[PDB]
Amino acid sequence: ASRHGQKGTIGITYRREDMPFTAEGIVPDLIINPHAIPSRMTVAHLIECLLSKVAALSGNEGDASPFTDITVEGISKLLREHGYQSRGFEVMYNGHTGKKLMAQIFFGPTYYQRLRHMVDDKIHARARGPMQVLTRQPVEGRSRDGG
Amino acid sequence: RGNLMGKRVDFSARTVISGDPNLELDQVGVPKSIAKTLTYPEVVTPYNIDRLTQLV
Amino acid sequence: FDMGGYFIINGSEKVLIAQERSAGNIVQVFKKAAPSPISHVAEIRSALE
Amino acid sequence: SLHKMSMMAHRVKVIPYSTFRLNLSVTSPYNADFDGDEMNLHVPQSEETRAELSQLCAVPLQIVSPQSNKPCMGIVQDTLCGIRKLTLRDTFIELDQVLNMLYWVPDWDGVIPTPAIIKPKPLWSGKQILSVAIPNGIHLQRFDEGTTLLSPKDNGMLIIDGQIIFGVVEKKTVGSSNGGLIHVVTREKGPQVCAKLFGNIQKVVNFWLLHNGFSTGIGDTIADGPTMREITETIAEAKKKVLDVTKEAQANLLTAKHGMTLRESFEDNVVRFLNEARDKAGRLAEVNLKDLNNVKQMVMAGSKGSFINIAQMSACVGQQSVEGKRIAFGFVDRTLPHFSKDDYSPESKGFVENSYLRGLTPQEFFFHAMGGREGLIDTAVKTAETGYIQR
Amino acid sequence: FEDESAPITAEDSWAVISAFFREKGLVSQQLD
Amino acid sequence: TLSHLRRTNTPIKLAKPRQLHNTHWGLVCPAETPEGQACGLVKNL
Amino acid sequence: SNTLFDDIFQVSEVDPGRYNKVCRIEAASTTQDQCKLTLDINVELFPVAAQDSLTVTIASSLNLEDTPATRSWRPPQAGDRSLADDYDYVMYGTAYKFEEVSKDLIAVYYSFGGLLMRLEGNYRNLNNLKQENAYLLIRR
Amino acid sequence: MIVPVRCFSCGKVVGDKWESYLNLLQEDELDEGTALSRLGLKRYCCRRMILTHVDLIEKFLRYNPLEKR
Amino acid sequence: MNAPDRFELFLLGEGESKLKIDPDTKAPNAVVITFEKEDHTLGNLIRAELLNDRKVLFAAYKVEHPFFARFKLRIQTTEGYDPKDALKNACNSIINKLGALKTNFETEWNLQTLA
Amino acid sequence: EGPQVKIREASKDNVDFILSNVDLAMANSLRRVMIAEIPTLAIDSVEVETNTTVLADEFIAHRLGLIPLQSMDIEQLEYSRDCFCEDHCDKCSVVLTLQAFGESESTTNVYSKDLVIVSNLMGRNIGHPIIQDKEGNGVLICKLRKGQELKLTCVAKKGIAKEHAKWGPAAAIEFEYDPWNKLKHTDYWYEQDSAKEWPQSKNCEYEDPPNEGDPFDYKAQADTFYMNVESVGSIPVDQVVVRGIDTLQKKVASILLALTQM
Amino acid sequence: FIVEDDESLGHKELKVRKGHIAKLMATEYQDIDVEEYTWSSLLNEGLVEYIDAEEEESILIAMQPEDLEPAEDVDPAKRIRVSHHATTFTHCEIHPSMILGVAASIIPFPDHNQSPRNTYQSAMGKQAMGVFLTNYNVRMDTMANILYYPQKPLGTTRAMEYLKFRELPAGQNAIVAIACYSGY
RNA sequence: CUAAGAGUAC
Ligand SMILES: [Mg+2]
Ligand SMILES: [Zn+2]
Ligand SMILES: [Zn+2]
């Protein structure tokens, strides 16, 4: 999950050669769906991605405090000075064919947390197993091979 | 309510779900470990003697 | 970096959650519902420390 | 599992990873996401149970729901957005990509359709390739607002014999809506053909969107300078009207609407003015957004988002309300200790004039937090009560 | 800066906050 | 750990304790509370 | 094979609309005073401006020989001869409506993969058009 | 914990530039951006690899060894 | 737990071959070739080199599922032209072009002095 | 005759060149092969004899696997899977040993220069950890407080980046074509003016800008790709490119051989 | 902060001035010889005050000093703020960002988000995996989870350097693309 | 094993 309530599980993993790449050879660590943005209105996610890109380029640290006078306009100007599109878009190329993607991709660093919920601690199946002594029904819980 | 209208059952699995645009509408992807755990009893018939013997 | 503020009971770290309550020695007046014969009630939960 | 569609029979496909995998279209009846949701699987243990599971609870047999006599599954999320982008008049596809997309359809009969443009360069249109997925013999005709037999706006929909004659394919056509393509196909050719149609449309549109790309960024929430100035002017005019109504009420010249008190009428007028102000500013911002705007594209396709989302992200978040009223005087006659007593101005009682792009002032941030808290509390109470009522 | 009695700026208040967190800490209420 | 060490619980009248009150400004976090049954009852300093 | 229709039109308007590669043009026949045309054209692939004279033809096939799509399209081999060799902009579409505008005027609607065309004129020369597939050939 | 051997995104070896980076920050009084540029980190993937690292191993080294030889 | 071994991406398993050809019944003179332990890197190249051929009516490929490293390639040629022959010609052309490119790059590199 | 190459810059670790008269598919396949398919040497197995450090055993094993190793003569090494030895031998592996002790009162840094090759390289040019910085110390494997010890033995096999990214010798590969967007393969997102808002690429100087009046060229294809290949250090960058081309050619040749044999 | 008449400037002003800030800075730098100046010194000299909800009913608070104390062409990108048109303040907020708690202080740009998203992140950051203590190697806890390479955020708040988040981070800076790449 | 409690996921 990001720091804006944008939780999600890994759908699939692609190796580097299959990921989309920019003209500089940079490939994303993560790809998230655009459709997560409009309904949830997590603008701070986008602003933080832009600020992180600027900070990584310039070597400073982005001041993402809430009620400061930091605007997307200034971050965009700083990003433009560094030689990138001011709004964070980058011309990417499809990994499979190497062709330019007709649409430009929002691209940049973002801080993500690994949450404690892993699938290997949740997967559980039971054909037959221990039965409860009273009701002669399957026991409860995956720690007990329950049903 | 707790043991007659609804009760814990065997031959059931549970886990996290993921999307797959490459699966049909009526298809479900099943982990190999779960498929190896859950079982179905097939009666031995002249029509399925060979494959059941192979599975055994 | 450990900040303390917890106890060690039988080797387990135990923290006391701050319990919220209504303050004492304060007069509070409340309107009652229509069916009840009393319309307003002014009460104090008197206590001495 | 609130309804019978939340429990359906699927066909096993053994896969080498530790999660259940399911089609994107079937997530709507299950009300399932992929943000940590878990699902349960039951294996029938006899030929009778197996057979009735396959013949009564199968997913294709559930496509049209008895709940509202309309399909419950449709095209959603990326594919939906993709299909809207694929069926535009501008979209043209070259020979190699056409061959790929045709081969991606499992039941394609093996004949390459004649390109829509033959000279000077063989080009296929998006509608032409998409019509390969639609089964042969399907007819559909929907007339949107203002569409004629010629479509200047390319809206509406005309499909003849399984070929899209005109209209941009979007939610009204391939969504879970009555009279749409899903409904027509399932009622004409049967559930199996409708499931196959789901698969074909998903495959082709997903391939095209893979090799076309779609994104969204911060720049998609930005309106140009003149539009921002007009939005500010609209907000200022609304605040002036609120101030005028406040002056009339303070002068006691305001007359109470029949059936309500003076204060109730004043609150109604103020809330109406602020709501229509937010609506007008959002409409200005939406009009300003270009057809290349990605949030606009997602709204137009209907895959995600709405006009209010655009208005709140770009123009104005709007009036925050708790229990259907403006923010109450939690302190003695004032909402916060940063305001004077008896301040009924829009900013005092929870009007957020800033958009999410601009950011919220501390007071607006707190008032928005109060609104969100009310939403969460309502969610919890609602789920408990509705569960009991449903039982 | 040079003037000792000059009014502070919004940037200066963080110094004050730092002093607070130097004397109090995060769990001051429990220990107190 | 830091959040746990600054947690307040309200045992559960005709009031509406789950709402974020105006008086909560600057004393408890405007947005930090469980989504479950404890929403609003469990607060953080 | 044979041209079901042919004429020369003058373009009075070109409307880009919301598109970047496609424009809708209204044209009036230079000979007949009652034949008019509305057509969507891939202007990127074939630029068109106002007051441009376009020779417009509708045919049932492109092969020079007479008629003896249901057959899979194939790339044009080197040395293939077709009617399209005589024109600059060729589309393939289907008729989907035959409207009776008036007692004498009829209109025929064609769709080339979503590019719409409406040809209106007296029925005495539009009679050859029927509900089928047709090639639209244009030369400047 | 300790500086990663390679950049996560592109795979450039950055595990041999931590000491040089600290030396540049301390001895030469360069700001972070110029030091990163001097070390040869031009893509911002590598720049975030080295710029955001937190060297926790130092703290781990303060505790006395459990098995001391 | 359920993750497959990474060497299954490029190592042929027991009892399977690199190529298998199945005649296609949808259209005449067409085949579908399944390539095992391969991915886009080979498929896109082969398909494009096939599309450069003048006697190839149809050429396409698809990777049906990312989980498995295999892809299907449909080839249809004009009458009297074996699709296997088309595949052979495409492969030979690719090898010739790569050899020429290797020679050119070696010659260009040898011309350098600052390396 | 064939694809033409003209290289702008050459270095020890970067080569910037232009690849003209070639298809887009061929350039992309070459890029993918360079990323993923080139064999390389890296530490695969770790036997830990003593670890009193503050880092976990598999933590250090992971770090060691990521150490770049000389792979110039990797073609003379065999894969462990198709070698007739039992676990590992001299024909398919290189054995290194790390032995560090904290004898100093200050922190002692365990670098990759401390790795010692124990197996007989038989005259090959593989195994040596790659040293790039001026100080001569390689990657910073670990740190030792006084009294702490770390003794371990690594076995390094040859592998490709597909099996694990630690075998990738390619780092980042810049790849661009058609800087002026004359092929119209992208639709530039913009607010007021696309040309002003999109900074020009450095390769725009190598092509003629569009005339702003000419009609769209619908027959032009994509060629003249500007590619910049970086090297991790395992093999020289020119060898990276040459071996990528060789690997792609070998793949196609294997396809031909299988087709002929069946 | 306490606000008084300050007749010298003729208008309300904070009791705290640059000299006290300088002394606090000097003490902090010495900790990282002058007379120690701590928070208790600010408290004793009547510079800051403790206010509870009951006393907060009878005061007026300025949100920020620089914009609300002094008596009254603007950047269109900045958010709209109101001067309140009132000069009778009794106190000033030390910093508005201090209304947030420990978990909410980690959110970057929390004022550019929908409030339920902030609540979700506040709940979900406690489940973030990082380094809970530096002595995890000598504690026999029932369960412990540690990142190999914790990274401090590229976008960071001022309040999170009192929470030691940069010293004990619970996440990583991943290169993220927002794209409909494969439908997965 | 049983019971009670707490935290948590959707
Ligand atoms: Mg969910
Ligand atoms: Zn990097
Ligand atoms: Zn061996």
Side-chain angles (χ1 to χ4, degrees), chain A residues 1 5-11 36 40 113-124 129-146, chain B residues 2-3 13-19, chain C residues 6-7 9-10 12-19, chain D residues 1-3 6-7 18-20 22 26-41 376 379-380 382-384 386-387, chain F residues 1-12 32-44, chain K residues 102-103 116-117 119-129 132 141-145:
Chain A
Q6 293 280 339
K7 56 176 99 58
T9 63
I10 293 170
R40 308 199 221 277
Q113 294 81 243
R114 182 177 182 180
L115 303 184
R116 74 195 300 183
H117 311 282
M118 302 154 219
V119 67
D120 266 11
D121 304 336
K122 288 163 169 61
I123 186 151
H124 174 222
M131 308 299 285
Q132 193 163 350
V133 69
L134 178 52
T135 43
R136 308 203 182 173
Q137 290 178 2
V139 301
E140 159 172 19
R142 79 183 288 271
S143 57
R144 292 190 282 277
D145 200 26
Chain B
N3 294 122
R14 172 184 184 87
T15 176
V16 187
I17 49 166
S18 298
Chain C
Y6 54 96
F7 308 81
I9 313 302
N10 287 331
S12 285
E13 294 163 318
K14 293 288 197 297
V15 63
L16 289 169
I17 313 307
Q19 300 296 306
Chain D
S1 68
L2 303 160
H3 52 113
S6 60
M7 172 168 278
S18 287
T19 56
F20 284 150
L22 72 165
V26 68
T27 61
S28 179
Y30 285 123
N31 194 232
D33 285 13
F34 308 131
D35 59 357
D37 294 326
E38 283 171 347
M39 282 188 72
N40 316 333
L41 186 73
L376 300 177
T379 288
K382 168 182 77 174
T383 177
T386 43
Chain F
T1 308
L2 280 167
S3 76
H4 203 173
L5 281 156
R6 317 175 94 236
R7 196 179 310 293
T8 69
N9 178 82
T10 299
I12 192 168
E32 178 174 351
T33 183
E35 299 86 0
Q37 290 295 323
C39 191
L41 306 183
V42 168
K43 299 186 264 276
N44 282 261
Chain K
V102 158
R117 300 288 143 195
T119 299
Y120 293 178
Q121 168 46 30
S122 308
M124 199 149 49
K126 305 161 191 153
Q127 306 165 359
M129 193 187 299
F132 64 93
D141 291 299
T142 301
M143 291 187 296
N145 290 264

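Residue numbering restarts at 1 for every chain, and letters A, B, ... go by the order of the sequence lines. Reckoned from all heavy atoms, side chains included, excluding hydrogens, waters and symmetry mates.
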### Query
What does nucleotides 3-10 of chain L look like as a protein-contact string, B for base, S for sugar-phosphate only, - for none, at under 4.0 angstrom between heavy atoms?
-----SSS
### Task
Mark yes or no for whether A:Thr9, through its side chain, and D:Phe34, through its backbone, hold a donor-acceptor pair below 3.5 Å.
yes
### N/O donor-acceptor pair under 3.5 Å between D:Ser1 side chain and D:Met7 backbone
no
### salt bridge (charged side-chain N to carboxylate O under 4.0 Å, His left out) partners of F:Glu35, counting only residues at least two apart
none
### Task
For atom CD of C:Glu13, decide whether the heavy atoms of other residues, nucleotides or ligands shown that lie under 6.0 angstrom number more than 12.
yes
### Query
Partners of K:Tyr120 by ring-ring contact (aromatic ring centres under 6.0 Å, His included), sequence neighbours excluded?
none
